[PDB]
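*Asks:* Everything below, folded, please.
(2 chains, ligands or ions: 4)
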2 protein chains.
Amino acid sequence: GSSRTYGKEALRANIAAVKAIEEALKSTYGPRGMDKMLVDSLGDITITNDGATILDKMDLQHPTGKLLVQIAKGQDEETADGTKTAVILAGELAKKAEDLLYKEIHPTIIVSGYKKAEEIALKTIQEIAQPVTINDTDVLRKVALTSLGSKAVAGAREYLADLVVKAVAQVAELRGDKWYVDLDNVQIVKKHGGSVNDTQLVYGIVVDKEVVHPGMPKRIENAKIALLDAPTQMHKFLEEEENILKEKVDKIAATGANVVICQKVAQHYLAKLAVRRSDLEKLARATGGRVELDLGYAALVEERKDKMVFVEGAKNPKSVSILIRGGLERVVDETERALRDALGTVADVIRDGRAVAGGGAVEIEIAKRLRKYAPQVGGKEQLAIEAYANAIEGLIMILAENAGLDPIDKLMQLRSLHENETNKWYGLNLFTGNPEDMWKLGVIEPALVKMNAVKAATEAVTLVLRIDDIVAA
Amino acid sequence: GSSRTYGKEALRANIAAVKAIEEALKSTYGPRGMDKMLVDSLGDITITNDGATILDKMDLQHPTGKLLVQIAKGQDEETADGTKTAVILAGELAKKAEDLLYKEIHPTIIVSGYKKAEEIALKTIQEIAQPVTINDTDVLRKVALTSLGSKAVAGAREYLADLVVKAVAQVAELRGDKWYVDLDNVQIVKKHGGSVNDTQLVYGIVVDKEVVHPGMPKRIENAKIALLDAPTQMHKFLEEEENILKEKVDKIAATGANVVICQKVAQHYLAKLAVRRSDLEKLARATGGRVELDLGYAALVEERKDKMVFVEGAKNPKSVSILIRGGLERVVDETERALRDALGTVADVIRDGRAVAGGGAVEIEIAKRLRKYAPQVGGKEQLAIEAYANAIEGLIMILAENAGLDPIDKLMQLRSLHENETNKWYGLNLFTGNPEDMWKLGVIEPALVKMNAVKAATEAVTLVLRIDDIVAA
Ligand SMILES: Nc1ncnc2c1ncn2[C@@H]1O[C@H](COP(=O)(O)OP(=O)(O)OP(=O)(O)O)[C@@H](O)[C@H]1O
Ligand SMILES: Nc1ncnc2c1ncn2[C@@H]1O[C@H](COP(=O)(O)OP(=O)(O)OP(=O)(O)O)[C@@H](O)[C@H]1O
Ligand SMILES: [Mg+2]
Ligand SMILES: [Mg+2]
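*Replies:* Numbering: from 1, shown residues only, chains lettered A, B, ... in the order given. Ligands and ions are numbered 1, 2, ... in the order given. Please see the structure below:
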């Protein structure tokens, strides 16, 4: 025994799976949006509004949904943002395809329409965007703040916004006639007992070591660094192992190193600087050293009051550390998850120097270009392009409907404001119900994240259409 | 206990099996055609439109269908194309035989009709086709492109089309007063990190070796090649095994070889070229060597920046390698499955120098010859030949019906266009709904694949008729 299902009934059964997976996410479309409660088989309780999190702990019985979710998860590791937008948009394009199938259009006309709209949308995003550079640091601060905000740690402590902006403004490499960065170049340190304004940047590389040995010179300058993975006969062996302590000095003097860090007593003779205990790799990347004596170099090393050790002016100038100290664990452990995602959004601007307004300002310029382009295509395909435009505007209703407003009128006001000339940045504010200019409010996101949202939605829906039949064996 | 079933009811039960197996395939008749989803017993999901793939993972309860599928699978290994056409045509000839049995004609009249139509069809294909040669490289490019297209790798990167055309235009042997080729003569290499336009031909034989030993002369010219499957007493054995390293030099000097490849250190003394590690068979076929020292010969050997090793101008000039490097695995692994099937279609033209238009242009010349021939046969057999012609035209409805068009009118327009003189290449375009000239659009397939489609369909249906009774024990 096995089941075969084919034709319109298999296509309806696939669309009813996509409109279920989108229904699970619709309400959490941020900001100012609801959370979901997830309970596991053990009885743990979790509260979340992070879509990449929900899609790993919800569980899905239907195989076509299992393909849609896999595309939306694959979407999160390539770019890091737009996990929910690429599911909502893929929900709307299917819901509006259902209106075209009742007019008896064949699916290969619809799919040819969508893949003919997406290529004029991606051109329009590159046309309406505006360029930005590292020197435009106000715009970098506005992007950081927008990605950072809506948690307890926020731009009420705007020191966090300058902290991240300065930290990646330091690490700028130049490649492809453009700037380049990666998160491997900038490191955190996390500890408890502190304050969120006590967190600081350094322009140096730092470890929260509570001890280094007391006789040693706690300031070292214009210096060389080494990073290391390095009865009667019983008394002779015991001495031979105590002489192996002096063999550390013997081989440091063989190379002239000043501070010497080893993975895992005779420290009075060394004092006549040792660090007791993947971080040696970070020190090597800062110092230019290597983990037989190969040395690295730095302008200053210090230990200072909890208690800490600092390296400053290491040979590679494009490396930075930041330290978070907070009074409770719950603050620190989510502040990392906010702060490095903010920095990893600034990096999505800096890797490609365009920026576009949030708030639904992009969708309504796209929904104008399509409705001016559709009369040129003329055939049955014209109904598929106009059915695409109605599905992109249908996104910002899910943004207005979510902040308590009346959705239809607060769509019509925006569309009428865009029929006037210029005005291209008007969109929804969400902390007051009226439309406002999104650039002067400073609400911005990088173009690469919108392009990935549009492309992963069209790729996901044109794989749910264009399945005729289901066989199992 | 056992079952016996005989007469009209056994014949109806066989035809209802053939019209089920054809019903599973009808919609995927390409291009621009739907896919099917196949789920296995483990829970893996697969999406496909390749008929030779569907028929191995669908599973079939009925024994007559199990014979039809076995003929259609056997069809794919002899010629490589026409797995679906030979099932659809075998579906139509049975569906139209059912209309003749209700007029009470006996089955041995029908089968005598079909086997009397197929012999005038095979003559007509040899009459209406047009010849082609290697020098007609535009037609080779058009055939390559038609077989290559409708994937992400396509003639948007037309470098792939010239890549394959040049690659088999080099390997041409002459036999039977005709050209001859096989796929054993041309080899690929596949690696990750690349681009689809970074893929290149060579007119040489190549391995993506990331290393060869650093002292050795990395350029060798007008050269000879060897291809090889080749306490106190403990110190004497250890030395005897180290002298066996120098015995490689000792036996290379005994034959004067310049580069020496062995299946599975003293390389400084060899340097005073060694390759560290079925490919020795390919090198032997290029070099004219053999895997006791038999040597092969080549004009140049080089190692160059990833990193690679090249052999150029080997003794046999009718051997070629191509290299695919792509930025992701998913691209490379299906690009092989497209690119070698494109090349293995050019080989189906070159092995037999006729070509015929696609798009349903052949079917409507055959459906004219039959309806002019049928009045000569005169008896009850006349109804079986005209019932054959209606079943070949009934194929291009499944091509028009599939691209969203209205099927009947877009048949009648083609038939009326063929009642005019010449025009013999008019057929369906599928990227716009009107008929167009298929030769100027460049849509071509080799005659040997159509002949195998006609012959394997008539052979499959005349075995489903002409079964009277089913016995089991
Ligand atoms: N201050 C704001 N005012 C208006 N719209 C905003 C504001 N901040 C963000 N948005 C909009 O919120 C949407 C993104 O919603 P949300 O942040 O919940 O999902 P996401 O970040 O894409 O998801 P994920 O982080 O899981 O990938 C975009 O349309 C964006 O422009
Ligand atoms: N560009 C085209 N326009 C019109 N018809 C085309 C075009 N390309 C191919 N065809 C037609 O498509 C049919 C073959 O369909 P399809 O390629 O799906 O099956 P197949 O190649 O025979 O199957 P398989 O590859 O599994 O053996 C032939 O009638 C051919 O002439
Ligand atoms: Mg976001
Ligand atoms: Mg084919």
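*Asks:* Tell me which residues touch the closest residue to ligand 2 within the stretch 201-350 of chain A, please.
*Replies:* Relative to ligand 2, the nearest point of the stretch 201-350 of chain A is residue A:348 (40.7 Å; C-beta to the nearest ligand atom). The way it works is simple: take the backbone N, C-alpha and C, and place the C-beta from them, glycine included. With contact set as C-beta atoms under 8 Å, 6 or more residues apart in numbering or on different chains, residue A:348 has these partners: A:79-81, A:446, A:448-449.
*Asks:* Next secondary structure after the one helix or strand it maps to?
*Replies:* Residue A:348 is located in helix A:329-350, with elements delineated by DSSP states H and E. Per DSSP H and E, the first helix or strand lying C-terminal to helix A:329-350 is strand A:354-357.
*Asks:* hmm, who's touching that next one?
*Replies:* Contacts for strand A:354-357 (C-beta under 8 Å, 6+ apart): A:125-126, A:128-132, A:139, A:143, A:349, A:362, A:425, A:427, A:438-439, A:443-448, A:450.
*Asks:* Next one: the residue of the stretch 201-350 of chain A closest to ligand 2 from residue A:21, what distance?
*Replies:* Applying C-beta to C-beta, to the nearest Å, the value for residue A:348 to residue A:21 is 26 Å.
*Asks:* ditto for residue A:129
*Replies:* 31 Å.
*Asks:* Which one's more surrounded, the two?
*Replies:* residue A:21 (21 against 18; other C-beta atoms under 10 Å in any protein chain shown).
*Asks:* Tell me the secondary structure of that one, please.
*Replies:* Look at residue A:21: counting by DSSP: H, G, I helix; E, B strand; the rest coil, its state is helix.
*Asks:* Now it: closest residue in space, sequence neighbours ignored.
*Replies:* Closest residue to residue A:21 apart from its sequence neighbours, by C-beta to C-beta, 6 or more residues apart in numbering or on different chains: residue A:65 at 4.8 Å.
*Asks:* One more: residue A:79?
*Replies:* Distances taken as C-beta to C-beta, 6+ apart put residue A:452 closest to residue A:79, at 4.7 Å, once the chain neighbours are dropped.
*Asks:* Looks like that neighbour contacts residue A:75 (just checking).
*Replies:* Yes: look at residue A:452 against residue A:75 with C-beta atoms under 8 Å: they come within range, at 6.4 Å.
*Asks:* Which one of the two is surrounded by more residues?
*Replies:* residue A:75 (24 against 19).
*Asks:* tell me the contacts of that one?
*Replies:* A:82-83, A:86, A:452, A:456.
*Asks:* Reformat those as TSV; add secondary structure.
*Replies:* What follows is the contacts of residue A:75, written out as TSV (three-state DSSP):
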residue	secondary structure
A:82	coil
A:83	coil
A:86	helix
A:452	helix
A:456	helix
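*Asks:* So which of those residues wins on neighbours?
*Replies:* Going by other C-beta under 10 Å, residue A:86 tops the contacts of residue A:75 with 27 neighbours.
*Asks:* after the helix or strand containing residue A:96 comes which helix or strand?
*Replies:* In this assignment (DSSP H and E), residue A:96 forms part of helix A:85-101. Next in sequence after helix A:85-101, counting helices and strands by DSSP H and E, comes helix A:107-128.
*Asks:* can you tell me the residue of the stretch 51-200 of chain A closest to ligand 2?
*Replies:* For the stretch 51-200 of chain A, C-beta to the nearest ligand atom, closest residue to ligand 2: residue A:108, 13.5 Å.
*Asks:* interface residues of the stretch 301-450 of chain A facing ligand 1?
*Replies:* A:358-359, A:428, A:430, A:443, A:445 (C-beta under 6 Å from any ligand atom).
*Asks:* let's see 8 Å
*Replies:* Residues of the stretch 301-450 of chain A lying near ligand 1 by C-beta under 8 Å from any ligand atom: A:341, A:357-360, A:395-396, A:399, A:427-431, A:438, A:441, A:443, A:445, A:449.
*Asks:* Which positions in stretch A:430-450 come out as buried?
*Replies:* A:430, A:435, A:437-439, A:441-450 (16 or more other C-beta atoms under 10 Å in any protein chain shown).
*Asks:* what's next to it, contact-wise?
*Replies:* The contact list for stretch A:430-450 (C-beta under 8 Å, 6+ apart) reads A:31-32, A:79, A:81-82, A:125-126, A:129, A:139, A:142-143, A:145-146, A:345, A:348-349, A:351-352, A:354-359, A:361-362, A:399, A:403-405, A:410, A:413-414, A:417, A:425-429.
*Asks:* Can you tell me which of the residues you listed are buried?
*Replies:* Buried subset of these (neighbour count, 16+ other C-beta under 10 Å): A:79, A:81-82, A:125, A:129, A:139, A:142-143, A:145-146, A:345, A:348-349, A:351, A:354-359, A:361-362, A:399, A:403, A:405, A:410, A:414, A:425-428.
*Asks:* Kindly format the C-alpha coordinates of the one helix or strand residue A:248 maps to as CSV.
*Replies:* Using DSSP H and E, residue A:248 maps to helix A:232-253. Extracted in CSV, the C-alpha atoms of helix A:232-253 (Å, rounded to 0.1, in the frame of the first residue of the first chain):
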residue,chain,number,x,y,z
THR,A,232,68.0,7.6,44.8
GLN,A,233,66.8,7.6,41.1
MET,A,234,63.5,9.0,42.3
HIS,A,235,65.4,12.0,43.8
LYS,A,236,67.4,12.3,40.5
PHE,A,237,64.1,12.3,38.5
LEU,A,238,62.5,14.8,40.9
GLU,A,239,65.5,17.2,40.5
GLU,A,240,65.5,16.6,36.7
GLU,A,241,61.8,17.8,36.7
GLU,A,242,62.7,20.8,38.8
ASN,A,243,65.5,21.8,36.4
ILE,A,244,62.9,21.6,33.6
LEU,A,245,61.4,24.7,35.4
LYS,A,246,64.7,26.6,34.8
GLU,A,247,64.6,25.3,31.1
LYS,A,248,61.7,27.8,30.6
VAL,A,249,64.2,30.6,31.5
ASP,A,250,66.9,28.8,29.5
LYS,A,251,64.8,28.9,26.3
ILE,A,252,63.4,32.4,26.9
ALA,A,253,66.9,33.8,27.2
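*Asks:* Check which helices and strands it is in contact with.
*Replies:* The elements that helix A:232-253 packs onto, with contact taken as 3 or more C-beta pairs under 8 Å, 6 or more residues apart in numbering or on different chains; DSSP states H and E, are helix A:267-271.
*Asks:* Can you give the contact residues for the helix it packs on?
*Replies:* By C-beta under 8 Å, 6+ apart, helix A:267-271 touches A:213, A:215-217, A:245-246, A:248-249, A:252, A:260, A:274.
*Asks:* ok so, going back, pull the distance from the helix holding residue A:348 to the chain's centre.
*Replies:* Distance, stretch centre to chain centre, for helix A:329-350: 8 Å (C-alpha atoms, centre = their mean, to the nearest Å).
*Asks:* buried sites along it?
*Replies:* A:331-332, A:335, A:338-339, A:342-350.
*Asks:* Just give me the closest of those to chain B.
*Replies:* Closest approach to chain B among the buried residues of helix A:329-350 (C-beta to the nearest C-beta): residue A:348, at 19.8 Å.
*Asks:* Look up which helix or strand residue A:223 falls in, please.
*Replies:* Going by DSSP H and E, residue A:223 is in strand A:219-228.
*Asks:* what angle do that strand and helix A:232-253 make?
*Replies:* 120 degrees (axes from the mean of the first three to the mean of the last three C-alpha atoms, to 10 degrees).
*Asks:* Name the strands paired with strand A:219-228 and say parallel or antiparallel.
*Replies:* Here strand A:219-228 is paired, per DSSP bridges, with strand A:259-262 (parallel), strand A:296-304 (antiparallel).
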